[PDB]
Amino acid sequence: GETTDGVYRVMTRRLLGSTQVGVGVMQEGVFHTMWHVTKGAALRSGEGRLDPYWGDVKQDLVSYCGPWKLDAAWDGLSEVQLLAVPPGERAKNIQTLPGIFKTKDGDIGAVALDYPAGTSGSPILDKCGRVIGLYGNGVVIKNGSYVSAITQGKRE
Amino acid sequence: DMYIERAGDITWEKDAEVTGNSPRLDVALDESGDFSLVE
Ligand SMILES: Cc1ccc(S(=O)(=O)CNC(=O)[C@H](Nc2ccc3c(c2)CNC3)c2cc(Cl)cc3[nH]ncc23)cc1
């Protein structure tokens, strides 16, 4: 099937009509998405099949066809772009300055942008267009808004 | 059964809509991969 680099929608014909369950990044022949989007199940790309290769529920990440390729990281200082791909809507770049998730194991960047659950897996970019993480795993703050972590995997 | 559809190139767009605040939150991450606000 299609192995061209770029952002993709993860769809399902298991519910009413075609439903967008998430988003993913195709890079170096490897599809990268969030674990809660596919639950580790196989994906289809036209005629071809994509089989899971690596996955981890705690990191909430999964890769298809090969090991995790995305290794860029937020510099802690500059603005980033969320290439948001919302259900039924065109891909759209939203520039923002990330905040911080302070944890017992370290600090992680966070993007405070609200989008439908089907936007999970949309990439976060640096000024060079490098994927510094995926949007879609976060929390709801006391005012009801959504703040997502900048979730990045490890490249072996 | 899930399938993928291309939605675009991964490129930085100069003059994109700048929005969103940058909050500093105390969070915890559990074994199920779910975040929670620590208070
Ligand atoms: C009723 C309820 C309770 C809690 C929340 S939350 O604040 O924790 C939002 N959680 C998400 O990050 C979620 N994705 C998700 C789903 C399952 C799992 C994982 C992550 C990782 N482990 C399993 C998501 C992402 C996005 Cl982009 C838009 C969204 N809207 N609602 C959800 C949600 C929201 C709602």
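Here is how names work: the chains are called A, B, and so on, in the same order as the sequence lines, proteins then strands, and each is numbered from 1. Keep in mind that the numbers below use all heavy atoms, side chains included, and drop hydrogens, waters and symmetry copies.
- Residue pairs meeting the side-chain hydrogen bond (donor to acceptor under 3.5 Å, both in side chains) criterion with at least one partner in residues 14-26 of chain B, sequence neighbours excluded, are absent.
- Checking side-chain atoms of B/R6 against main-chain N and O of A/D5 turns up a donor-acceptor pair under 3.5 Å.
- Using a 4.5 Å cut-off between heavy atoms, B/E31 touches chain A through its backbone atoms (N, CA, C, O) alone.
- Nearest heavy atom pair, residue A/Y8 against residue B/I4, reads CD2-CD1, 3.7 Å.
- What you find for A/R44 and B/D1 is that their closest heavy atoms are NE-OD2, 3.3 Å.
- Distance check, rounded to the nearest 0.5 Å: OH of B/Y3 to CE of A/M11 gives 4.0 Å.
- In this structure, the portions of A/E79 lying under 4.5 Å from any heavy atom of chain B include both its backbone and its side chain.
- Neither the backbone nor the side chain of A/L82 comes within contact range of chain B, judged by heavy atoms closer than 4.5 Å.
- Listed options A/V111, A/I141, A/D60, A/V85 were ranked by heavy-atom pairs under 4.5 angstrom with chain B; first place goes to A/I141.
- Heavy-atom distances place both the backbone and the side chain of A/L43 under 4.5 Å from chain B.
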- [ ] Verify side-chain contact (heavy atoms from CB on, under 4.5 Å) between B/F35 and A/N137, making sure each step is shown before the conclusion.
- [x] CA-CA 8 Å; B/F35 285 104; A/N137 194 15; 3.6 Å; yes
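- The shortest non-hydrogen separation linking A/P123 to B/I10 is CG-CD1, 4.3 Å.
- Note that CG of B/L29 and CD1 of A/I108 are 7.0 Å apart. Values are rounded to the nearest 0.5 Å.
- Heavy atoms of A/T33 lying under 4.5 Å from chain B are absent altogether.
- For a residue to count as touching a neighbouring chain, one of its non-hydrogen atoms must lie under 4.5 Å from one of that chain's; by this rule A/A42 touches chain B with the backbone only.
- The two residues A/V140 and B/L37 come nearest to each other via the heavy atoms O-CD1, 3.5 Å.
- A donor-acceptor pair under 3.5 Å is absent between the side-chain atoms of A/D56 and the main chain of B/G33, judged by distance alone.
- Both the backbone and the side chain of A/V10 come within contact range of chain B, each with at least one heavy atom under 4.5 Å from a heavy atom of that chain.
- Closest of all the heavy-atom pairs between A/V147 and B/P23 is CG2-CG, 4.1 Å.
- The contact between A/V21 and chain B is made entirely by side chain atoms (from C-beta outward), counting heavy-atom distances below 4.5 Å.
- Residue A/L125 touches chain B through both its backbone and its side chain, counting heavy-atom pairs closer than 4.5 Å.
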